[PDB]
Amino acid sequence: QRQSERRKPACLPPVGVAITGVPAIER
Amino acid sequence: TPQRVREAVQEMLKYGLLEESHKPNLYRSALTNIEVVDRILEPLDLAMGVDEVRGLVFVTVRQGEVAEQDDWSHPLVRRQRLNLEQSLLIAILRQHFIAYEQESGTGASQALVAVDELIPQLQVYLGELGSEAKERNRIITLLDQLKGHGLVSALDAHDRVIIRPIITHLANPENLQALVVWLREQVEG
Amino acid sequence: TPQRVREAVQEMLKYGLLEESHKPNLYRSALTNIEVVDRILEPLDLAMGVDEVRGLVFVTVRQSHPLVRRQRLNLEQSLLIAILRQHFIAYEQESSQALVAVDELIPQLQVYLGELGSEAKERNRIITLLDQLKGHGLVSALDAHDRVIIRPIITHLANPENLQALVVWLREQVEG
């Protein structure tokens, strides 16, 4: 019932990591 | 460096995973060059995970010598972390995926779940709201948040979602054991 | 693989640009290991470009790329890009960092897009355009005295094809 606990970060590793969108060089 | 290997590596880095049922050629190319792909991904602190039974190839953070690197401070990781609510929904979806995968034989199909099946099981834990529209909004928002991690799809015209097989490598027994230990520590004090 | 080389490569891939003034250690590590960086970025169809005049390290598509998205910018952004480029050229011809005041660009924008009739409207338009260019990482944060810093990357803003397109569009806008 508390929003503080519902948004508390859990422990689960990043799986299927996509690249950070782009190398930040649009051109 | 062969053209096919580069193409497959770039595609996998772009999307995060390769599935045999959608991109068979790239999957075959990346499956037969494990050493080359590992050498390519070593400078970026990334590794490739394989699953031949389900026909899946995904990308994970390479494990370093440091005892705790937290795996989320890697520069190339762009998503946010997972909170308790999303972990609970992921556990429910994993149970549904177990049920789907148990009663299946040879052939290709997909794991489809309707929202009305998900609502009461989440009501058991979270609670109950007054109207039905409130609960529908809550479930839709949670599923939209989970779509950003690549675990589900967008809602269909018949109000259903598809559970992606990648979840079977997010809620594998090791990660589940670690999560259970952490949650037990959190609850008891 | 040495740790500093990997750190520099990952930082460059995350941001796309490296400046000696900001991260001297990464700049030194990347500049002294050109062949290693080229070998690392070869499978990704990327290459490293060096400008030791300003200490700028950038990434070019060696050869429309799976990892890179192409974008197109409106006239309201194109003319501001031209103004910033010519201001930086004027600043570097004077011989650090090019400082441009907010009020300086207001007449230059008004003589091409007309006058909105309100100071607040001009300020909001300038702020929105500056934020949009901040999204592309072309200028630095706004200073206290309503000033911005032009980054050296404006020198390598694009190939001469885009410079010709920019000057043609600017001339057409001046024609009105």
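Protein chains in written order, with PDB author numbering: chain A, 345 to 371; chain H, 48 to 236; chain G, 48 to 110, 120 to 151, 156 to 236.
From the three backbone atoms N, C-alpha and C, an ideal C-beta is built for every residue, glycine too.
Under the three-state DSSP convention, the category residue i falls into
{"i": "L123/G", "result": "coil"}
{"i": "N219/H", "result": "coil"}
{"i": "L73/G", "result": "helix"}
{"i": "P353/A", "result": "strand"}
{"i": "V84/G", "result": "helix"}
{"i": "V361/A", "result": "coil"}
{"i": "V56/G", "result": "helix"}
{"i": "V113/H", "result": "coil"}
{"i": "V234/H", "result": "helix"}
{"i": "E89/H", "result": "helix"}
{"i": "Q50/G", "result": "helix"}
{"i": "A225/G", "result": "helix"}
{"i": "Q345/A", "result": "coil"}
{"i": "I139/H", "result": "helix"}
Neighbourhood of residue i by C-beta distance below 7 angstroms, restricted to the same chain and skipping five residues each side
{"i": "residue 237/H", "result": "This structure cannot speak to residue 237/H, because chain H is shown only from 48 to 236."}
{"i": "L190/H", "result": "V199 and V208"}
{"i": "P212/H", "result": "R101 and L103"}
{"i": "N130/G", "result": "none"}
{"i": "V97/G", "result": "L78 and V104"}
{"i": "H196/G", "result": "none"}
Start-to-end residues for the beta strand (DSSP E) that takes in residue i
{"i": "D98/H", "result": "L93 to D98"}
{"i": "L65/G", "result": "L64 to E66"}
{"i": "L129/H", "result": "Careful: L129/H lies outside any beta strand (DSSP E) and carries neither H nor E."}
{"i": "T107/G", "result": "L103 to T107"}
Contacts around residue i, its chain only, beta-carbon distance under 6 angstroms, and the 5 residues preceding and following it disregarded
{"i": "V234/G", "result": "none"}
{"i": "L136/G", "result": "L189"}
{"i": "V160/H", "result": "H143 and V208"}
{"i": "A218/H", "result": "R141"}
Cβ shell of residue i (< 8 angstroms), same chain only, five flanking positions each side left out
{"i": "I186/H", "result": "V162, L165, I166 and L169"}
{"i": "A77/G", "result": "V52, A55, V56, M59, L65, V84, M95 and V104"}
{"i": "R128/H", "result": "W119"}
{"i": "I214/G", "result": "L140, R141, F144 and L198"}
{"i": "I81/H", "result": "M95 and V97"}
{"i": "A155/H", "result": "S68"}
Chain D contact for residue i (CB, 8 angstroms cutoff)
{"i": "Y74/H", "result": "This model lacks chain D altogether, as its protein chains are A, H and G."}
### Query
Enumerated in chain order, which unbroken segments of the beta strand (DSSP E) with a length of 3 residues or greater are wholly contained in the region 141-215 of chain H?
DSSP runs (the beta strand (DSSP E)) wholly in the region 141-215 of chain H: 158-161 and 207-210.
### Query
Any chance the region 106-119 of chain H sits against the region 168-186 of chain H, with 3 or more Cβ pairs inside 8 angstroms?
Short answer: they don't touch.
### Query
Using 8 angstroms as the Cβ pair cut-off and three pairs as the minimum, do the region 79-89 of chain G and the region 145-152 of chain H touch?
Contact fails between the region 79-89 of chain G and the region 145-152 of chain H, because fewer than three Cβ pairs, one in each stretch, are under 8 angstroms apart.
### Query
Is the region 191-211 of chain H touching the region 56-68 of chain G in the sense that three or more CB pairs, one from each, lie closer than 8 angstroms?
Contact between the region 56-68 of chain G and the region 191-211 of chain H is absent: fewer than three C-beta pairs spanning the two stretches fall below 8 angstroms.
### Query
With a cut-off of 8 angstroms, do at least 3 Cβ pairs link the region 102-118 of chain H to the region 64-71 of chain H?
Two segments are said to touch when three or more pairs of C-beta atoms, one from each, lie closer than 8 angstroms; by this definition the region 102-118 of chain H touches the region 64-71 of chain H.
### Query
Any contact of the region 91-99 of chain G with the region 69-81 of chain H, i.e. 3+ C-beta pairs under 8 angstroms?
Counting C-beta pairs closer than 8 angstroms gives fewer than three between the region 91-99 of chain G and the region 69-81 of chain H, which falls short of the contact rule.
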